[PDB]
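**Q** Please see the structure below; I have some questions.
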Amino acid sequence: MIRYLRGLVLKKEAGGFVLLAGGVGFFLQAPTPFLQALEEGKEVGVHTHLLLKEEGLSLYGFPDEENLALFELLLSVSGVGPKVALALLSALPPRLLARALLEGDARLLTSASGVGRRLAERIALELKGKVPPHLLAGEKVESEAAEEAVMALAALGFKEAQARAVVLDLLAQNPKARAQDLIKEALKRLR
Amino acid sequence: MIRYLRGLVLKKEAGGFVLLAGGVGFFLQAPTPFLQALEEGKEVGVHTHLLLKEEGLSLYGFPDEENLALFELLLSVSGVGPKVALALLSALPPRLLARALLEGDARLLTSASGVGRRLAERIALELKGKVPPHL
Amino acid sequence: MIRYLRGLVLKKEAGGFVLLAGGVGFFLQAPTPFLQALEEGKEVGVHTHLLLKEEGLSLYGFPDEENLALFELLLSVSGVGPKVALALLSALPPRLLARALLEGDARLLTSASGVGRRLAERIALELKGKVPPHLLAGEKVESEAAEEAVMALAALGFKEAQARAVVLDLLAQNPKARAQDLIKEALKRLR
Amino acid sequence: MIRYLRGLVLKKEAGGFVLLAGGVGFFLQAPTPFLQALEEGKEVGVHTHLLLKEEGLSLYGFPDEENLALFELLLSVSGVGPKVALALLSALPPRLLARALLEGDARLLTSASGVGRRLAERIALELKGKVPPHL
Amino acid sequence: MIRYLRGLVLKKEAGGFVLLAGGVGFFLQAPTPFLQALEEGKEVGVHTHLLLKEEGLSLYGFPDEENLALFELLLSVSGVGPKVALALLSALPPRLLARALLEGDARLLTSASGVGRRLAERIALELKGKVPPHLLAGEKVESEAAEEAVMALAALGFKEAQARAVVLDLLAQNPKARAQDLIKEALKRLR
Amino acid sequence: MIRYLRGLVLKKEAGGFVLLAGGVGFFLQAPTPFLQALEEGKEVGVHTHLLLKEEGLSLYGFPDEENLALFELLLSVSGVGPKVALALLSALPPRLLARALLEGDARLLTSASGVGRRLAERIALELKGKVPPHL
Amino acid sequence: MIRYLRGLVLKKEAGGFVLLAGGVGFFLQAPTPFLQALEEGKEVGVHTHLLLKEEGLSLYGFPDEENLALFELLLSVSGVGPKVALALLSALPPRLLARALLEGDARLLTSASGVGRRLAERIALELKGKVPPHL
Amino acid sequence: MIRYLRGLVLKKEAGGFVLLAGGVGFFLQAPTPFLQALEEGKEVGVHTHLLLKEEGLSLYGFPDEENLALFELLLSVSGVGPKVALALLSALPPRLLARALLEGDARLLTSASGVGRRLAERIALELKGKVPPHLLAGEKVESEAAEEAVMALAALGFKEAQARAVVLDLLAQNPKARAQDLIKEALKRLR
């Protein structure tokens with residue numbers, strides 16, 4: 001239910017940390033990497049993952065949707081718990097873990113704290129193939145293809161505005177527009 | 001306990017979406033139609049249903065007392081599949097469903113994915129006259 | 001955990017209603033009486049009572065601490081659930097129910113929707129005596145014994161302030177001060 | 001998931017108190033001492049511990065990582081009695097407790113109400129060297 | 001595990017009875033019909049059906065494999081318990097119940113003590129088709145097709161033995177031999 | 001499933017006894033009276049009651065449909081204590097019990113060990129008119 | 001607790017058979033092969049395995065410490081399917097199985113009915129070096 | 001329920017063995033000692049102890065009531081299972097274990113396979129005192145105090161019968177009669 005949260009890093013820890021979102025001091029565990037790049041006092045967003053139990057409720061935080069994704073997916077397997085999933089996530093980088101998970105590197109998995117011999121195997125055979133659409137490379141947008149379009153246009157002659165004023169109108173009739181397909185199509189209406 | 005949630009759709013995504021409700025990202029699964037209709041980046045209120053599990057909580061937002069109601073009704077059978085639930089609610093509009101559920105139309109239900117003859121067949125029977133007039 | 005909440009009465013119902021506290025639309029059941037004296041649109045405070053389950057979580061609201069108290073106490077008994085406890089609370093007034101519960105009117109209990117024959121009995125034998133400190137009469141403070149003190153003083157001669165200015169100083173050295181014990185003790189220092 | 005709660009003490013009351021945390025009245029049971037010390041009507045932060053049950057959630061606020069820590073430690077035994085837990089934490093100050101727990105002093109624990117010889121006796125054993133130096 | 005048992009009918013009952021097999025007095029419930037055709041004192045065989053629980057173990061007895069069969073099959077359905085299954089079995093004859101169960105007479109099912117409206121339906125939709133190989137007519141062998149063969153042979157001329165002495169030898173080379181296919185084939189070797 | 005067991009009392013012993021039933025030593029707990037009356041080394045039939053548990057089976061032999069019946073009846077309440085059960089059946093004869101149970105006499109039940117006022121008090125209520133005439 | 005049962009095969013029948021063990025008809029499911037080999041009307045001893053369930057007991061007789069052993073081994077995985085168990089034991093002889101299980105041969109297991117690639121695939125892994133030399 | 005059993009030792013094992021009582025081959029675990037003094041082929045009595053579970057039923061056998069006693073008592077403690085209880089029983093002799101258990105030798109307990117450090121302690125603190133009436137020395141009757149009486153009498157003069165014929169009559173009026181109290185009391189009636 002709780003997936004995202006914003007608040008102060010109130011106080012860190014070995015494998016946990018506390019987020020003062022609202023007026024509530026939430027306590028969530030996270031991967032060492034993420035955990036370290038975490039500094040008390042500054043606001044922060046966290047991709048959380050609730051988790052019931054038989055004695056209480058648990059919160060697990062992550063740097064970005066990607067991570068969260070694996071953590072879940074990971075928990076998806078029978079036998080793998082938060083600790084392990086966390087280990088794996090705390091050991092090798094997501095991207096590399098995504099691949100590994102897909103392909104099935106029970107070898108590479110073992111190669112990481114919480115190093116599970118046969119477990120790394122189950123987790124492997126178990127998610128081979130079953131992994132992942134947009135998850136082999138951390139989603140990251142470059143530059144404003146829009147502006148980027150213009151910027152090109154300007155340097156190609158066309159007085160800025162002339163170029164920007166029609167790049168926009170282009171993104172209108174067609175929101176999807178890689179600078180390329182955008183830029184070109186401008187030359188057309190800029191003949 | 002959550003029945004209604006009104007806030008920003010922080011991010012549509014697949015079978016669900018994230019709704020911001022005052023510093024807290026709530027994640028709800030919801031009917032494909034609704035799902036697509038839903039425009040991210042803006043506000044929205046959605047009559048929801050909080051569902052607990054071995055894992056933990058699971059929210060389900062819908063556009064009205066309407067869909068919600070069918071969702072909940074479908075949930076009380078055996079193929080309680082919120083999946084199936086959502087399966088059905090995604091394939092047939094509330095009106096056709098309610099009329100189908102009620103007049104027990106298995107010769108339709110099957111549209112939903114995952115609802116073979118059997119399930120639907122023994123879904124209508126299970127709900128024989130449980131589908132409230134309000135349709 | 002959740003005991004109190006403030007928000008709009010978003011939408012009422014047969015035996016339930018929704019409280020839009022925060023940005024969340026919480027749905028809680030309440031006693032018919034309380035329920036009716038409830039009007040969509042106006043802010044309201046609710047003495048809530050969470051309740052886990054095996055399929056979801058449930059919220060039960062109440063007019064005042066008193067009620068909440070019984071509702072719990074009620075649930076305290078083996079076999080009595082929210083519905084019943086609610087019935088009982090929805091039927092006869094708290095005060096009368098508090099008494100009844102104490103004394104043991106399995107007769108009076110039955111005498112109320114959800115009218116349980118032997119249940120009214122269990123619930124009776126079961127809480128006989130086990131009920132309640134400050135719960136035989138809805139807690140309700142009268143007038144500002146403080147001011148009330150003064151007000152008397154003024155009408156007894158003493159120019160207001162003279163009287164108020166020392167009633168306060170009296171509540172200082174001694175916060176607990178029924179107008180009586182307060183008033184008198186003023187005449188002393190007002191000789 | 002709640003570990004820290006900082007807000008207005010809406011109402012001290014008996015074995016607990018109500019803390020206002022942004023439009024929501026949270027209710028926490030807590031150690032008698034703390035409890036009395038606690039002045040209602042003002043602000044307060046309290047390191048808490050959320051405990052689930054058949055019934056449902058139960059919060060437990062304490063004044064420090066300190067008490068909290070002992071509370072939690074005591075909770076993991078068998079006489080997991082948050083009652084007993086609170087029983088002990090109310091009778092002996094964290095220092096004496098931790099030193100007692102650790103050096104396993106049953107010849108003390110019994111002060112707490114509900115902790116007969118047996119329980120305490122088999123509480124020290126259970127925690128033999130589980131009481132962390134930090135005392 | 002326990003399916004069959006032999007012992008005295010030690011003492012009967014409303015819907016139960018006790019079988020003293022071994023030295024143990026076993027107590028099993030059975031269908032009224034079967035139950036009535038049961039008389040204390042005489043040995044008897046029972047087609048039993050154990051059944052664990054959360055408070056004890058239960059034994060359900062039946063006249064013949066056929067019945068037992070239905071009782072189980074019956075229990076096979078979700079929601080139908082021993083009581084109901086028993087009712088159904090205690091009401092209409094197996095054969096007719098077998099048919100009904102196959103075809104799906106939620107109408108005929110209801111038509112019987114423990115008369116379940118929608119239940120008779122579930123039980124119906126639920127076992128439609130899923131019922132039963134050799135279970136539409138109580139298995140019952142006629143006469144010794146073997147001897148029967150002979151008996152015919154004798155009356156057809158052939159001195160008894162001559163006929164019997166070769167019927168046997170026929171059942172040898174071929175155990176499966178309806179009197180017909182048996183008899184004929186004798187005339188051949190009796191030419 | 002065992003209701004009657006008839007065989008040699010291989011060994012009386014404390015709160016139970018061992019009965020030989022064709023190469024198998026069965027062990028039954030039973031009412032003190034019966035228990036003492038019982039002469040070991042000889043034969044005996046005893047209407048029993050097999051009770052399952054977390055641990056496992058538990059037999060309870062009694063001298064008649066009579067006692068058995070009360071034993072079983074008492075077992076269905078909450079203080080299902082076959083102990084309490086046996087407690088009561090050991091203190092009061094079936095007749096007085098049945099008449100007590102039925103006319104709900106708590107002013108007696110207490111004789112049994114372990115049955116405080118409360119239990120007995122809320123044992124009669126629980127069985128108000130459940131005690132079958134046959135007394 | 002039953003490991004061996006030796007008595008008359010009162011009636012072969014389908015996926016099981018009834019064995020008479022001194023006035024008591026025991027019913028055991030068993031491997032098809034064994035099953036057919038089995039001649040009804042005569043005696044037989046069969047190393048068994050008693051399995052409890054929600055329903056209740058379930059016996060499983062086999063012809064040797066051999067098959068029994070594999071049956072039991074297969075039972076401890078996840079697709080604990082005594083069905084699958086029997087499925088496998090019916091398709092491959094103990095020797096090939098044990099050698100297959102052990103050398104983890106999924107490129108075979110699939111013969112058994114109900115054992116798709118996946119199951120078998122994650123049956124060998126589960127038993128990697130659990131298959132005892134004795135083959 | 002099952003406490004005693006007689007049958008052949010059909011086949012032994014590492015920590016188990018099979019008893020063919022009736023026609024059933026029962027499989028029960030026992031203590032190594034007991035286990036070893038066990039030889040396939042010979043009849044034997046076993047002090048058994050059933051034990052349900054969530055996957056099957058378990059049988060644990062013992063040499064004599066004494067042992068069985070401890071095994072149970074042992075299981076009585078929270079955390080100690082059949083294995084451990086068995087270990088303990090398989091390690092040190094009952095008598096010594098009975099004492100130990102009473103007194104509380106967490107030291108001596110540890111001193112035995114399944115050597116539990118803190119467990120030996122729990123088991124200790126836990127049964128200290130709570131152990132055992134007639135269980136500090138394996139119950140074992142000497143000689144027929146009766147005959148023994150006589151035998152003395154004869155050697156003291158009195159012609160055998162004369163002595164035996166009145167020892168019996170003595171055990172009659174008084175079954176409880178240590179040879180001593182028996183013998184003497186004979187001299188009286190043999191004056």
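The chains in the structure tokens are called A, B, ... from first to last as shown; in each chain the residues are counted from 1, and the ligands are counted from 1 in the order shown.
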Just the residues within 12 Å of residue 75 of chain D, please, counting only C-alpha atoms, with nothing from its chain fewer than 2 positions along; format it as a list in words.

**A** residues 55 of chain A; 49, 50, 51, 60, 68, 69, 70, 71, 72, 73, 77, 78, 79, 80, 81, 82, 83, 84, 85, 86, 87, 88, 89, 123, 126 and 127 of chain D

**Q** Would you mind exporting the chosen residues as a compact mmCIF listing (two decimals), in the first residue's frame, restricted to N, CA, C and O atoms?

**A**
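Generated file (part-v6.txt):
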```
# COMPACT_ATOMS: atom_id res chain seq x y z
N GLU A 55 3.79 -10.44 13.89
CA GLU A 55 4.13 -9.72 15.11
C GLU A 55 4.15 -8.20 14.92
O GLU A 55 4.06 -7.43 15.88
N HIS D 49 7.18 1.69 19.45
CA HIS D 49 7.22 0.34 18.95
C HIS D 49 5.82 -0.14 18.64
O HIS D 49 5.01 -0.29 19.53
N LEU D 50 5.56 -0.41 17.36
CA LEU D 50 4.25 -0.85 16.90
C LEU D 50 4.13 -2.33 16.98
O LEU D 50 4.88 -3.05 16.37
N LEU D 51 3.14 -2.78 17.71
CA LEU D 51 2.94 -4.21 17.91
C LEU D 51 1.62 -4.74 17.43
O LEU D 51 0.57 -4.32 17.92
N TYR D 60 3.63 1.59 21.43
CA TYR D 60 4.26 1.67 22.73
C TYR D 60 5.29 2.74 22.64
O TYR D 60 6.31 2.59 22.00
N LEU D 68 13.09 1.98 24.95
CA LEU D 68 12.56 1.29 23.79
C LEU D 68 13.30 -0.02 23.62
O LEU D 68 12.68 -1.10 23.54
N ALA D 69 14.62 0.11 23.54
CA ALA D 69 15.52 -1.02 23.37
C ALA D 69 15.28 -2.10 24.42
O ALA D 69 15.23 -3.27 24.08
N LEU D 70 15.14 -1.74 25.68
CA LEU D 70 14.89 -2.75 26.69
C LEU D 70 13.50 -3.37 26.49
O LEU D 70 13.29 -4.58 26.68
N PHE D 71 12.55 -2.50 26.12
CA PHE D 71 11.19 -2.94 25.92
C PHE D 71 11.21 -3.98 24.87
O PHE D 71 10.65 -5.06 25.07
N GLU D 72 11.86 -3.67 23.76
CA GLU D 72 11.91 -4.61 22.67
C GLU D 72 12.63 -5.89 23.07
O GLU D 72 12.16 -7.00 22.78
N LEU D 73 13.73 -5.75 23.79
CA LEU D 73 14.48 -6.91 24.19
C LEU D 73 13.60 -7.77 25.04
O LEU D 73 13.46 -8.95 24.78
N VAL D 77 10.90 -13.23 24.43
CA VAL D 77 11.26 -14.29 25.35
C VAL D 77 10.21 -15.40 25.37
O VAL D 77 10.42 -16.47 24.81
N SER D 78 9.08 -15.15 26.03
CA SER D 78 7.95 -16.08 26.13
C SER D 78 6.91 -15.37 26.99
O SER D 78 5.74 -15.36 26.69
N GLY D 79 7.36 -14.78 28.08
CA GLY D 79 6.48 -13.95 28.89
C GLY D 79 6.84 -12.66 28.16
O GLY D 79 7.67 -11.83 28.59
N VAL D 80 6.27 -12.57 26.97
CA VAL D 80 6.47 -11.47 26.03
C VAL D 80 5.53 -10.34 26.47
O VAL D 80 5.40 -9.28 25.85
N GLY D 81 4.89 -10.60 27.59
CA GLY D 81 3.96 -9.64 28.13
C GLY D 81 4.35 -8.18 27.98
O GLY D 81 5.17 -7.70 28.75
N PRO D 82 3.84 -7.47 26.96
CA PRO D 82 4.23 -6.07 26.91
C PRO D 82 3.77 -5.57 28.29
O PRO D 82 4.22 -4.54 28.79
N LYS D 83 2.85 -6.31 28.90
CA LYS D 83 2.40 -5.92 30.20
C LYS D 83 3.68 -6.12 30.99
O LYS D 83 4.36 -5.15 31.32
N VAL D 84 4.06 -7.38 31.25
CA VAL D 84 5.29 -7.69 32.00
C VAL D 84 6.41 -6.77 31.56
O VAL D 84 7.11 -6.22 32.39
N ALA D 85 6.56 -6.62 30.25
CA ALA D 85 7.57 -5.73 29.69
C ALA D 85 7.38 -4.42 30.41
O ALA D 85 8.23 -4.00 31.19
N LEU D 86 6.25 -3.78 30.18
CA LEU D 86 6.01 -2.52 30.86
C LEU D 86 6.09 -2.74 32.37
O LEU D 86 6.58 -1.91 33.10
N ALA D 87 5.63 -3.88 32.85
CA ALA D 87 5.71 -4.12 34.28
C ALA D 87 7.14 -3.83 34.75
O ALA D 87 7.35 -2.96 35.59
N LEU D 88 8.11 -4.55 34.19
CA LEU D 88 9.53 -4.41 34.54
C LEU D 88 10.08 -3.00 34.36
O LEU D 88 10.64 -2.41 35.29
N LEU D 89 9.93 -2.47 33.15
CA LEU D 89 10.39 -1.12 32.83
C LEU D 89 9.80 -0.03 33.73
O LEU D 89 10.31 1.10 33.78
N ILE D 123 13.88 -15.59 32.77
CA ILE D 123 13.87 -14.43 31.90
C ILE D 123 15.33 -14.07 31.80
O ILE D 123 15.83 -13.67 30.73
N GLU D 126 16.92 -16.74 29.82
CA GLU D 126 16.64 -16.55 28.42
C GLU D 126 17.48 -15.45 27.80
O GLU D 126 17.83 -15.52 26.62
N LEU D 127 17.85 -14.45 28.58
CA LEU D 127 18.60 -13.35 28.03
C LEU D 127 20.09 -13.31 28.35
O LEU D 127 20.80 -12.30 28.09
```

**Q** Using only C-alpha atoms, what does the table of chain G residues within 8 Å of chain H look like, with each row giving the shortest atom pair and its distance in Å to one decimal, sorted by chain and ascending number, as a Markdown table?

**A**
```
| residue | atom | partner | partner_atom | distance |
| --- | --- | --- | --- | --- |
| G:1 | CA | H:27 | CA | 5.3 |
| G:2 | CA | H:26 | CA | 4.7 |
| G:3 | CA | H:25 | CA | 5.5 |
| G:4 | CA | H:25 | CA | 4.1 |
| G:5 | CA | H:24 | CA | 5.1 |
| G:6 | CA | H:23 | CA | 6.1 |
| G:7 | CA | H:23 | CA | 6.9 |
| G:21 | CA | H:23 | CA | 5.3 |
| G:22 | CA | H:23 | CA | 6.1 |
| G:50 | CA | H:56 | CA | 6.5 |
| G:51 | CA | H:56 | CA | 5.2 |
| G:52 | CA | H:56 | CA | 4.6 |
| G:53 | CA | H:55 | CA | 6.7 |
| G:57 | CA | H:56 | CA | 7.8 |
```

**Q** Emit the selected residues as an mmCIF file, in the first residue's frame, including N, CA, C and O atoms.

**A**
```cif
data_model
loop_
_atom_site.group_PDB
_atom_site.id
_atom_site.type_symbol
_atom_site.label_atom_id
_atom_site.label_comp_id
_atom_site.auth_asym_id
_atom_site.auth_seq_id
_atom_site.Cartn_x
_atom_site.Cartn_y
_atom_site.Cartn_z
ATOM 1 N N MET G 1 2.858 -44.014 11.596
ATOM 2 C CA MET G 1 3.539 -45.097 12.332
ATOM 3 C C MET G 1 3.533 -46.451 11.592
ATOM 4 O O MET G 1 4.308 -47.349 11.927
ATOM 5 N N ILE G 2 2.678 -46.638 10.598
ATOM 6 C CA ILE G 2 2.729 -47.928 9.903
ATOM 7 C C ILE G 2 3.852 -47.836 8.853
ATOM 8 O O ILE G 2 3.932 -46.864 8.074
ATOM 9 N N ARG G 3 4.724 -48.841 8.845
ATOM 10 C CA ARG G 3 5.859 -48.859 7.927
ATOM 11 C C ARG G 3 5.797 -50.117 7.109
ATOM 12 O O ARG G 3 6.263 -50.160 5.976
ATOM 13 N N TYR G 4 5.233 -51.155 7.706
ATOM 14 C CA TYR G 4 5.108 -52.422 7.019
ATOM 15 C C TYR G 4 3.743 -52.994 7.316
ATOM 16 O O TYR G 4 3.275 -52.928 8.443
ATOM 17 N N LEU G 5 3.099 -53.544 6.298
ATOM 18 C CA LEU G 5 1.786 -54.131 6.466
ATOM 19 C C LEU G 5 1.825 -55.385 5.644
ATOM 20 O O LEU G 5 2.176 -55.355 4.467
ATOM 21 N N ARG G 6 1.483 -56.492 6.276
ATOM 22 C CA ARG G 6 1.496 -57.789 5.612
ATOM 23 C C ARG G 6 0.175 -58.513 5.844
ATOM 24 O O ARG G 6 -0.162 -58.891 6.970
ATOM 25 N N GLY G 7 -0.573 -58.686 4.761
ATOM 26 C CA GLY G 7 -1.862 -59.337 4.844
ATOM 27 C C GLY G 7 -2.460 -59.566 3.474
ATOM 28 O O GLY G 7 -1.839 -59.300 2.439
ATOM 29 N N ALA G 21 -5.639 -56.704 7.346
ATOM 30 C CA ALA G 21 -4.621 -56.885 8.359
ATOM 31 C C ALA G 21 -5.191 -57.248 9.719
ATOM 32 O O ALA G 21 -5.094 -56.483 10.685
ATOM 33 N N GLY G 22 -5.769 -58.442 9.784
ATOM 34 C CA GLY G 22 -6.359 -58.920 11.016
ATOM 35 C C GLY G 22 -7.632 -58.182 11.372
ATOM 36 O O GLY G 22 -7.624 -57.333 12.271
ATOM 37 N N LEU G 50 2.557 -43.900 6.117
ATOM 38 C CA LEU G 50 1.314 -43.283 6.560
ATOM 39 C C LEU G 50 1.400 -41.797 6.481
ATOM 40 O O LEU G 50 2.239 -41.187 7.100
ATOM 41 N N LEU G 51 0.492 -41.207 5.741
ATOM 42 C CA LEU G 51 0.506 -39.770 5.540
ATOM 43 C C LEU G 51 -0.740 -39.054 6.002
ATOM 44 O O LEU G 51 -1.830 -39.325 5.493
ATOM 45 N N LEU G 52 -0.577 -38.108 6.925
ATOM 46 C CA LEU G 52 -1.729 -37.387 7.440
ATOM 47 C C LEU G 52 -2.065 -36.180 6.600
ATOM 48 O O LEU G 52 -1.217 -35.657 5.890
ATOM 49 N N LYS G 53 -3.319 -35.749 6.704
ATOM 50 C CA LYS G 53 -3.819 -34.611 5.949
ATOM 51 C C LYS G 53 -4.965 -33.884 6.647
ATOM 52 O O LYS G 53 -5.393 -34.264 7.738
ATOM 53 N N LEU G 57 -5.702 -39.531 7.559
ATOM 54 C CA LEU G 57 -4.681 -40.488 7.148
ATOM 55 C C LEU G 57 -4.736 -40.895 5.686
ATOM 56 O O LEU G 57 -5.755 -40.740 5.044
#
```

**Q** Need the shell around residue 29 of chain E: protein/DNA/RNA residues with any atom at most 6 Å away, counting only C-alpha atoms. Skip same-chain ones fewer than 5 positions apart. Format as a list in words?

**A**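 Non-adjacent residues within range: residues 15, 16, 60 and 61 of chain E.
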
**Q** Output C-alpha atoms of each residue in that selection to a file, as a PDB file, in the first residue's frame.

**A**
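Output file selection.pdb follows:
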```
ATOM      1  CA  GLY E  15     -27.574 -41.877  13.288  1.00  0.00           C
ATOM      2  CA  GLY E  16     -24.726 -43.967  14.640  1.00  0.00           C
ATOM      3  CA  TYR E  60     -18.573 -43.131   8.768  1.00  0.00           C
ATOM      4  CA  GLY E  61     -19.864 -46.574   7.754  1.00  0.00           C
TER       5      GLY E  61
END
```

**Q** Find the spatial neighbours of segment 133-150 of chain E, counting only C-alpha atoms, within a cut-off of 8 Å - ignore same-chain residues fewer than 2 positions away - and output them as a PyMOL selection string.

**A** chain E and resi 66+95-96+98-99+131+152-154+160+163-164+167-168+171+177-180+182-183

**Q** Taking 4 positions as the minimum chain separation for residues in the same chain, which residues sit within 10 Å of residue 21 of chain A when counting only C-alpha atoms? Answer as a VMD selection string.

**A** (chain A and resid 5 to 10 25 to 26 43 to 45) or (chain B and resid 22 to 24)

**Q** How would the residues just chosen look if you wrote them out with C-alpha atoms as a compact mmCIF listing (two decimals), in the first residue's frame?

**A**
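Output contents, as saved in part_12.txt:
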```txt
# COMPACT_ATOMS: atom_id res chain seq x y z
CA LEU A 5 7.24 8.70 1.16
CA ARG A 6 8.94 12.05 1.81
CA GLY A 7 10.51 13.13 5.10
CA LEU A 8 13.74 13.72 7.04
CA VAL A 9 16.36 11.12 7.56
CA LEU A 10 15.87 11.55 11.35
CA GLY A 25 8.84 8.52 12.48
CA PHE A 26 8.73 5.55 10.10
CA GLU A 43 14.59 15.56 2.98
CA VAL A 44 14.44 12.49 0.77
CA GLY A 45 12.03 10.43 -1.23
CA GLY B 22 -0.44 14.26 1.51
CA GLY B 23 3.23 13.23 1.60
CA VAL B 24 2.47 9.55 1.06
```

**Q** Out of chain F, which residues get helix (DSSP H, G or I) from DSSP, as a PyMOL selection string?

**A** chain F and resi 32-37+65-75+82-91+94-102+106-109+117-127

**Q** List as a ChimeraX atom specification the protein and nucleic acid residues near segment 96-108 of chain F, meaning an atom at most 9 Å away when only C-alpha atoms are counted, but skip any in the same chain fewer than 3 places from it.

**A** /F:70,88-89,91-93,111-112,117-125,127-135

**Q** So what do you get for atom CA of residue 59 of chain G versus atom CA of residue 28 of chain G, distance-wise?

**A**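 These two atoms are separated by 5.0 Å.
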
**Q** List the spatial neighbours of residue 30 of chain G as a list in words - criterion: any atom at most 7 Å away, only C-alpha atoms, same-chain residues fewer than 3 positions off excluded.

**A**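 Near neighbours after the sequence-gap exclusion: residues 15, 16, 34, 35, 60, 61, 62 and 86 of chain G.
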
**Q** Let me see the file: selected residues, C-alpha atoms, as a PDB file, in the first residue's frame.

**A**
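And here is the file that came out, part_13.pdb:
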```pdb
ATOM      1  CA  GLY G  15      -4.900 -46.421  -7.882  1.00  0.00           C
ATOM      2  CA  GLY G  16      -4.980 -48.434  -4.713  1.00  0.00           C
ATOM      3  CA  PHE G  34       3.352 -52.593  -8.413  1.00  0.00           C
ATOM      4  CA  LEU G  35      -0.341 -52.132  -8.530  1.00  0.00           C
ATOM      5  CA  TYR G  60       1.043 -45.779   0.732  1.00  0.00           C
ATOM      6  CA  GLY G  61       2.270 -49.252   0.285  1.00  0.00           C
ATOM      7  CA  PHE G  62       5.260 -50.151  -1.825  1.00  0.00           C
ATOM      8  CA  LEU G  86       3.474 -41.888  -7.377  1.00  0.00           C
TER       9      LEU G  86
END
```

**Q** Where in chain H does DSSP assign strand (DSSP E), given as an MDAnalysis selection string?

**A** chainID H and resid 2:12 16:21 24:29 43:47 59:60

**Q** For a test of reading the model, state the distance in Å between atom CA of residue 40 of chain A and atom CA of residue 14 of chain A, rounded to one decimal.

**A** 13.5 Å
